[PDB]
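Enquirer: Here it is, the structure in full.
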Amino acid sequence: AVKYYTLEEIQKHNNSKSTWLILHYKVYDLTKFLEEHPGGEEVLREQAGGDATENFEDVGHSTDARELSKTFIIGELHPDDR
Ligand code: HEM
């Protein structure tokens, strides 16, 4: 099965308690990763609640970084919002 979230609900996860973002139509919960991110917290909080695919690819993350990202996936963007 697969959980689908709308842009409207993802948008609400941009506070001190929860940080979600979209990358290639998948939704990631990065709340507990903020302090471990080599690129810092600041760059993640700025994109919280929205689609950060371009910024993510613009920095050109390594293969290991991408393999690690999969552990934070909690669902996908609802087909209707794509
Ligand atoms: C989905 C979770 C993400 C993971 C698992 C992740 C992981 C990492 C890792 C391991 C690095 C070290 C370099 C590398 O291995 O490529 C890194 C660096 C970086 N990340 Fe991320 N990252 C994520 C999302 C993002 C996003 C969404 C942004 C941008 C909004 C971002 C911005 C950066 C920057 C600025 C650097 C440093 C690049 C430099 O040194 O020039 N990351 N990230």
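All residue names refer to the structure tokens as shown: chains lettered A, B, ... in order, residues numbered from 1 in each chain, ligands numbered from 1 in order.
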Taking only residues of chain A that have an atom at most 8 Å from an atom of ligand 1, what is each one's shortest atom pair and its distance in Å to one decimal, using only C-alpha atoms and all ligand atoms, in chain and number order, as JSON lines?

Expert:
```
{"residue": "A:21", "atom": "CA", "partner": "ligand 1", "partner_atom_place_in_ligand_line": "27 (C)", "distance": 7.4}
{"residue": "A:23", "atom": "CA", "partner": "ligand 1", "partner_atom_place_in_ligand_line": "1 (C)", "distance": 7.2}
{"residue": "A:28", "atom": "CA", "partner": "ligand 1", "partner_atom_place_in_ligand_line": "1 (C)", "distance": 6.6}
{"residue": "A:30", "atom": "CA", "partner": "ligand 1", "partner_atom_place_in_ligand_line": "2 (C)", "distance": 6.8}
{"residue": "A:33", "atom": "CA", "partner": "ligand 1", "partner_atom_place_in_ligand_line": "2 (C)", "distance": 7.8}
{"residue": "A:37", "atom": "CA", "partner": "ligand 1", "partner_atom_place_in_ligand_line": "8 (C)", "distance": 5.6}
{"residue": "A:38", "atom": "CA", "partner": "ligand 1", "partner_atom_place_in_ligand_line": "11 (C)", "distance": 4.9}
{"residue": "A:39", "atom": "CA", "partner": "ligand 1", "partner_atom_place_in_ligand_line": "36 (C)", "distance": 3.6}
{"residue": "A:40", "atom": "CA", "partner": "ligand 1", "partner_atom_place_in_ligand_line": "34 (C)", "distance": 7.0}
{"residue": "A:43", "atom": "CA", "partner": "ligand 1", "partner_atom_place_in_ligand_line": "30 (C)", "distance": 5.0}
{"residue": "A:44", "atom": "CA", "partner": "ligand 1", "partner_atom_place_in_ligand_line": "30 (C)", "distance": 5.1}
{"residue": "A:46", "atom": "CA", "partner": "ligand 1", "partner_atom_place_in_ligand_line": "30 (C)", "distance": 7.2}
{"residue": "A:47", "atom": "CA", "partner": "ligand 1", "partner_atom_place_in_ligand_line": "30 (C)", "distance": 5.8}
{"residue": "A:52", "atom": "CA", "partner": "ligand 1", "partner_atom_place_in_ligand_line": "27 (C)", "distance": 5.3}
{"residue": "A:53", "atom": "CA", "partner": "ligand 1", "partner_atom_place_in_ligand_line": "27 (C)", "distance": 6.8}
{"residue": "A:55", "atom": "CA", "partner": "ligand 1", "partner_atom_place_in_ligand_line": "29 (C)", "distance": 5.0}
{"residue": "A:56", "atom": "CA", "partner": "ligand 1", "partner_atom_place_in_ligand_line": "26 (C)", "distance": 4.6}
{"residue": "A:59", "atom": "CA", "partner": "ligand 1", "partner_atom_place_in_ligand_line": "38 (C)", "distance": 5.9}
{"residue": "A:60", "atom": "CA", "partner": "ligand 1", "partner_atom_place_in_ligand_line": "16 (O)", "distance": 6.4}
{"residue": "A:61", "atom": "CA", "partner": "ligand 1", "partner_atom_place_in_ligand_line": "16 (O)", "distance": 3.5}
{"residue": "A:62", "atom": "CA", "partner": "ligand 1", "partner_atom_place_in_ligand_line": "16 (O)", "distance": 3.8}
{"residue": "A:63", "atom": "CA", "partner": "ligand 1", "partner_atom_place_in_ligand_line": "15 (O)", "distance": 7.0}
{"residue": "A:64", "atom": "CA", "partner": "ligand 1", "partner_atom_place_in_ligand_line": "15 (O)", "distance": 6.0}
{"residue": "A:65", "atom": "CA", "partner": "ligand 1", "partner_atom_place_in_ligand_line": "10 (C)", "distance": 4.2}
{"residue": "A:66", "atom": "CA", "partner": "ligand 1", "partner_atom_place_in_ligand_line": "5 (C)", "distance": 5.7}
{"residue": "A:67", "atom": "CA", "partner": "ligand 1", "partner_atom_place_in_ligand_line": "5 (C)", "distance": 7.4}
{"residue": "A:68", "atom": "CA", "partner": "ligand 1", "partner_atom_place_in_ligand_line": "5 (C)", "distance": 5.1}
{"residue": "A:69", "atom": "CA", "partner": "ligand 1", "partner_atom_place_in_ligand_line": "5 (C)", "distance": 3.9}
{"residue": "A:70", "atom": "CA", "partner": "ligand 1", "partner_atom_place_in_ligand_line": "5 (C)", "distance": 7.6}
{"residue": "A:72", "atom": "CA", "partner": "ligand 1", "partner_atom_place_in_ligand_line": "1 (C)", "distance": 7.2}
```

Enquirer: Check the DSSP output for the backbone and give back, as a PyMOL selection string, the residues of chain A in helix (DSSP H, G or I).

Expert: chain A and resi 7-10+42-45+53-58+63-72+79-81

Enquirer: Could you pull the residues within 12 Å of residue 18 of chain A, counting only C-alpha atoms, minus those fewer than 4 positions along the same chain, as a list in words?

Expert: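 In the requested form, the answer reads residues 10, 11, 12, 13, 14, 28, 29, 30, 31, 32, 33, 34, 44, 45, 48 and 49 of chain A.
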
Enquirer: Select, from A:26, A:58, A:35, A:19, the residue with the minimum atom-to-atom distance to residue 71 of chain A, counting only C-alpha atoms.

Expert: A:26

Enquirer: Counting only C-alpha atoms, what is within 8 Å of residue 7 of chain A, bar same-chain residues fewer than 5 positions away, as a CSV table (one decimal) with N, CA and C atoms, in the first residue's frame?

Expert:
```csv
chain,number,residue,atom,x,y,z
A,50,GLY,N,7.2,22.4,1.5
A,50,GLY,CA,7.0,22.4,0.0
A,50,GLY,C,7.9,21.5,-0.7
A,77,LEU,N,3.1,12.3,-3.0
A,77,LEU,CA,2.2,13.4,-3.2
A,77,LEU,C,1.0,12.9,-4.0
A,78,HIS,N,-0.2,13.3,-3.5
A,78,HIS,CA,-1.5,12.8,-4.1
A,78,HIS,C,-1.4,13.1,-5.6
A,81,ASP,N,-2.5,16.5,-7.1
A,81,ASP,CA,-1.7,17.7,-6.9
A,81,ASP,C,-0.5,17.8,-7.8
```

Enquirer: Report the distance between atom CA of residue 73 of chain A and atom CA of residue 16 of chain A in Å, rounded to one decimal place.

Expert: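 Between atom CA of residue 73 of chain A and atom CA of residue 16 of chain A the gap works out to 19.3 Å.
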
Enquirer: Figure out the distance between atom CA of residue 41 of chain A and atom CA of residue 74 of chain A, please, to one decimal in Å.

Expert: 19.8 Å

Enquirer: What separation in Å, quoted to one decimal, exists between atom CA of residue 75 of chain A and atom CA of residue 36 of chain A?

Expert: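 Atom-to-atom, atom CA of residue 75 of chain A to atom CA of residue 36 of chain A, that is 21.8 Å.
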
Enquirer: Assign secondary structure with DSSP using the backbone only, and return the residues of chain A in strand (DSSP E) as a PyMOL selection string.

Expert: chain A and resi 4-5+20-23+26-29+73-77

Enquirer: Please determine, counting only C-alpha atoms, which residue among A:57, A:51, A:76, A:82 has the shortest atom-to-atom distance to residue 1 of chain A.

Expert: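 Between A:57, A:51, A:76, A:82, the residue approaching residue 1 of chain A most closely is A:76.
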